[PDB]
Amino acid sequence: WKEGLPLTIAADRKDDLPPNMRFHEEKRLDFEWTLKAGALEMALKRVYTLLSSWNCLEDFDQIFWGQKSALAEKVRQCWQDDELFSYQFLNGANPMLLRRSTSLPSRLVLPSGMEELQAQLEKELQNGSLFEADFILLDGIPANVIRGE
Amino acid sequence: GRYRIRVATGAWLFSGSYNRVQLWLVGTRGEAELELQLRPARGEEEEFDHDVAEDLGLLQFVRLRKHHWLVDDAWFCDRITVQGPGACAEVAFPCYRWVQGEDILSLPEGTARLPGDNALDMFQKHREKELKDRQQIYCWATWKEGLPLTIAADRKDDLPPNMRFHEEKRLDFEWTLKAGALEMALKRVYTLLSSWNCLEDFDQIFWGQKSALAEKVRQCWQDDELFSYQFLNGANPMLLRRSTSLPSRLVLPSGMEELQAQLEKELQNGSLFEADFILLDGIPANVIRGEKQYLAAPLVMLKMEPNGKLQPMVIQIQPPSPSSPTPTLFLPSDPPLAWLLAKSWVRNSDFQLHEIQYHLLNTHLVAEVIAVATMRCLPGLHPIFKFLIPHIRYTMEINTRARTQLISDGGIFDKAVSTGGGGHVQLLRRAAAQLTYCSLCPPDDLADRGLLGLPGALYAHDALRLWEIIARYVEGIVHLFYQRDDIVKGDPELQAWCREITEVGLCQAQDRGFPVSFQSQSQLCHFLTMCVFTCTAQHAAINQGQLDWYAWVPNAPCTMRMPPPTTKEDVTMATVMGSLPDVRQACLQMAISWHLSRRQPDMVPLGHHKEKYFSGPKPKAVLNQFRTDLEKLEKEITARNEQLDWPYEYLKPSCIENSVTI
Amino acid sequence: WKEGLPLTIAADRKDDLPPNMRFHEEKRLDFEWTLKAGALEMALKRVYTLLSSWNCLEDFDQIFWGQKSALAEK
Ligand SMILES: [Fe+2]
């Protein structure tokens with residue numbers, strides 16, 4: 001599919017697949033329903049927010065319905081909390097990046113006047129309770145251009 | 001003495017109740033500094049009275065400097081008219097630009113002057129300083145290789161501020177995005193569970209973004225006479241040529257000697273017409289949401305009946321290839337759905353060459369080349385600049401907005417049209433090779449295509465009538481300032497502007513008949529007539545028919561989702577509806593065709609620009625003669641269109657916009 | 001049902017009707033679909049014309065779609 005990536009099945013479309021790897025009727029009809037149910041809810045949200053001004057965090061409540069869950073309602077209440085932000089590195093959607101720091105990262109360059117943080121980082125490092133989530137795989141990745149923006 | 005200074009403001013954004021402008025009344029013998037308090041209102045000008053002691057003499061310049069302004073404050077100075085002491089007439093200083101920054105903006109006297117050899121002249125030093133400033137602000141850029149160059153602006157915010165939309169244009173543009181997105185979302189909801197299996201299913205979306213002619217199109221799109229009518233008076237009247245010979249791609253198989261006799265009968269009669277879409281041959285088709293689109297390069301041969309209506313003879317959807325040396329020839333005697341699909345394939349391919357070659361390239365891109373070179377090489381004192389500056393209004397932004405939103409990679413063109421996803425760029429390169437100087441001139445284009453004197457060719461009648469009116473407007477302005485041919489050759493700013501279009505802007509178009517230099521008044525007059533016609537009349541003919549002819553999507557599909565048919569008997573309704581675009585592509589076709597072809601509420605009709613760049617009464621007399629002749633043509637077209645069931649409305653001078661703005 | 005009018009079947013609702021006079025499955029399901037299809041098109045027409053100006057005869061074109069016929073276009 002792309003060079004440098006793990007290889008895929010030889011099928012440009014789903015109709016080029018082997019017939020034993022195809023969706024059955026109940027999977028395919030559910031997949032077609034979710035496209036229609038997804039397009040219905042997005043079109044109504046496009047209409048509902050067509051003239052809305054997107055200037056505050058409470059404007060996201062205008063679209064926070066339909067395609068949501070019970071935990072996401074709790075997330076909306078508590079997303080600005082520092083404990084929930086830290087909770088997602090262990091038990092969120094992506095529990096796979098957080099590593100226990102055996103040393104301070106070389107990219108973590110503290111400037112002058114921040115020796116209190118340097119003392120705090122060394123305190124957690126020797127205690128063994130220092131954890132890092134390094135997103136360095138995104139360094140230099142070219143970002144998207146969406147509708148010219 | 002007493003100087004009466006009237007300051008006209010087009011647009012302003014003042015945080016405070018008043019703003020201060022330092023003004024210099026620069027004459028031949030001295031200058032006088034002023035301080036004016038701007039309190040502008042819509043509909044009238046601010047009058048200022050100032051008394052001087054020194055004798056300025058003949059006023060040559062008016063300088064402006066915004067005195068201690070906030071950063072969000074903006075001022076669009078229209079013009080400054082200074083009434084001198086005595087019974088002399090008021091001296092006009094047209095600005096018509098945003099006064100930017102804290103530096104001194106010098107407005108020269110509004111009498112248009114050709115540059116001379118006197119380097120110590122105050123106007124000569126100003127126009128050389130201005131062209132240095134313009135060439136740093138207005139720069140060429142290569143959007144795609146092999147294409148005419150654009151303005152150096154990745155986004156609309158990177159544009160020069162004088163090329164930006166004004167408030168009423170920008171707010172209408174933002175409204176049409178919301179009005180288009182409302183109607184597309186409701187059509188998405190309305191047709192979410194609807195089954196797309198018959199031609200009447202397009203009625204579920206045929207509302208809102210449509211016109212009165214499109215309703216007539218929906219009733220009569222399957223008629224062979226309306227299908228033939230669009231080659232002369234439809235959205236794309238630019239491809240139909242009179243056949244001087246049978247095309248070499250038209251390979252007739254055995255058993256079709258009746259068609260061969262009919263084709264030769266119309267060829268000797270001179271009534272055989274062709275529309276060859278061979279520019280689409282080998283263009284890679286789009287892939288829209290993982291679904292492969294399909295393209296063809298059709299050839300439709302048409303005969304002119306003695307009643308004046310074209311009728312289709314044969315449609316050959318694909319050109320001959322070594323795989324299939326004799327492609328299927330489609331006739332009006334064939335099974336209906338096979339002939340309907342063949343007409344739909346020609347009409348889909350007519351959409352491709354209309355929107356890319358004749359709309360995008362031939363009008364938008366050519367006018368942007370005219371727009372950038374007019375700013376780069378013609379200073380504000382030049383008469384050719386003052387001639388062309390109303391005709392290049394909003395052209396750089398709408399092409400930047402097209403290059404950002406419409407024809408960009410992943411743009412709106414890639415989501416609906418079969419040539420999107422890169423093939424339209426390749427089609428644009430082939431179209432740019434065919435972009436000749438004769439093709440942009442209707443006396444040369446319609447003579448090359450053999451459309452002169454056709455009574456049913458309502459575009460060709462109106463385009464020739466518009467060309468005579470515009471050339472009279474060109475010859476009125478040019479002969480006021482270029483009395484001899486040596487004056488045309490002795491104008492280095494004009495020869496640089498001619499080179500900036502042909503050699504630079506159109507990427508070495510000397511081999512395509514565009515002039516590298518001007519050797520006479522008539523060569524200048526013919527080129528400037530081409531410039532105004534492309535910006536105003538050719539754009540109007542090629543843009544304003546989009547809602548009339550493309551709102552009914554089966555009349556001209558933006559894309560085709562099935563391969564072109566090779567067997568007539570295998571074509572069913574599912575073949576036609578499987579080839580016609582789905583509802584998401586068809587709704588996007590109606591929204592874009594409405595947005596491009598709707599009348600702008602801020603539109604300037606042709607010749608009706610309220611900006612007075614010229615100061616002499618003789619250029620105003622030519623402009624008033626231009627408005628008189630267009631009003632005469634306006635009555636002639638309206639009287640003709642009342643007697644026609646299918647009127648041609650796109651070249652009424654009231655509906656012709658003064659520049660390429662949408 | 002009302003005084004001075006021709007008399008009706010004694011049924012306040014459709015569930016109070018005799019069972020042989022009831023709609024069958026195809027008629028009842030088509031009737032329920034038309035109520036939904038009627039409510040869908042009216043609600044979209046409400047949204048489409050919510051802020052439109054109703055000041056000329058051509059403004060009825062904003063709702064003249066969907067539920068119409070070939071003769072109604074004429
Ligand atoms: Fe256009």
Side-chain angles (χ1 to χ4, degrees), chain B residues 143 147-148 150-151 156 163 165 169-170 172-173 176-177 180 209 211 214 234-239 350-372 390-408 411-413 416-417 419-420 424 427-428 431-432 435 439-440 459 463 466 530-551 556 558 588-606 649-653 655-662:
Chain B
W143 178 62
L147 295 203
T150 79
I151 185 61
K156 56 187 181 64
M163 297 300 118
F165 285 170
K169 175 76 174 184
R170 181 189 44 85
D172 175 70
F173 211 102
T176 49
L177 292 184
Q209 290 156 339
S211 63
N236 190 16
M238 314 295 306
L239 195 82
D350 194 55
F351 184 88
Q352 314 309 312
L353 292 188
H354 168 254
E355 294 290 337
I356 286 300
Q357 170 172 22
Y358 299 111
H359 189 186
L360 179 53
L361 174 68
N362 282 22
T363 61
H364 283 243
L365 300 190
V366 169
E368 190 183 14
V369 164
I370 297 166
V372 172
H391 305 308
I392 63 175
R393 187 179 85 115
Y394 296 160
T395 309
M396 301 196 201
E397 177 157 3
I398 194 61
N399 288 34
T400 313
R401 285 177 176 264
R403 280 182 297 271
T404 302
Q405 310 291 335
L406 187 61
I407 62 185
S408 60
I412 308 176
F413 213 80
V417 177
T419 55
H424 65 288
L427 181 58
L428 272 167
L435 179 59
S439 62
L440 298 179
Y459 160 73
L466 279 160
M530 186 270 318
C531 290
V532 180
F533 201 97
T534 296
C535 291
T536 72
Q538 186 56 30
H539 184 239
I542 215 64
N543 177 75
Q544 299 305 123
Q546 283 156 140
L547 196 54
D548 288 5
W549 301 99
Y550 306 151
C558 54
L588 192 47
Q589 175 181 330
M590 299 184 63
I592 294 307
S593 299
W594 169 78
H595 170 74
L596 294 183
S597 57
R598 58 183 292 274
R599 185 190 183 274
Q600 315 296 290
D602 74 306
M603 73 97 73
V604 181
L606 172 56
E649 297 299 320
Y650 321 130
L651 288 189
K652 277 194 306 177
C655 297
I656 292 168
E657 204 154 6
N658 207 32
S659 48
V660 180
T661 74
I662 175 62

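Every chain is numbered from 1 and lettered A, B, ... according to where its sequence line falls, protein lines coming before strand lines. Counting convention: from 1, in listed order, for ligands and their atoms alike. What's counted below: heavy atoms across the whole structure, side chains too, no hydrogens, waters or symmetry copies.
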ask   = Between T395(B) and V372(B), does a side chain to side chain contact (heavy atoms under 4.5 Å, CB included) hold up when you go through it step by step?
value = CA-CA 9 Å; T395(B) 309; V372(B) 172; over 6 Å; no
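Taking the six-membered ring for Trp and thresholds of 30 and 60 degrees, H424(B) and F413(B) have ring planes inclined between 30 and 60 degrees apart. By the 30° and 60° cut-offs, the orientation of the rings of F165(B) relative to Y394(B) is perpendicular.
In terms of modelled atom types and a separation under 3.5 Å, the side chain of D172(B) and the main chain of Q600(B) share no donor-acceptor contact. Here the side chain of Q209(B) pairs no donor or acceptor atom with the backbone of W594(B) at under 3.5 angstrom.
For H354(B) and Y550(B), the distance between ring centers is under 6.0 angstrom.
Listed by chain and number, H359(B) NE2, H364(B) NE2, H539(B) NE2, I662(B) O are the protein N/O/S atoms closer than 2.8 Å to the Fe ion (ligand 1), with waters left out.
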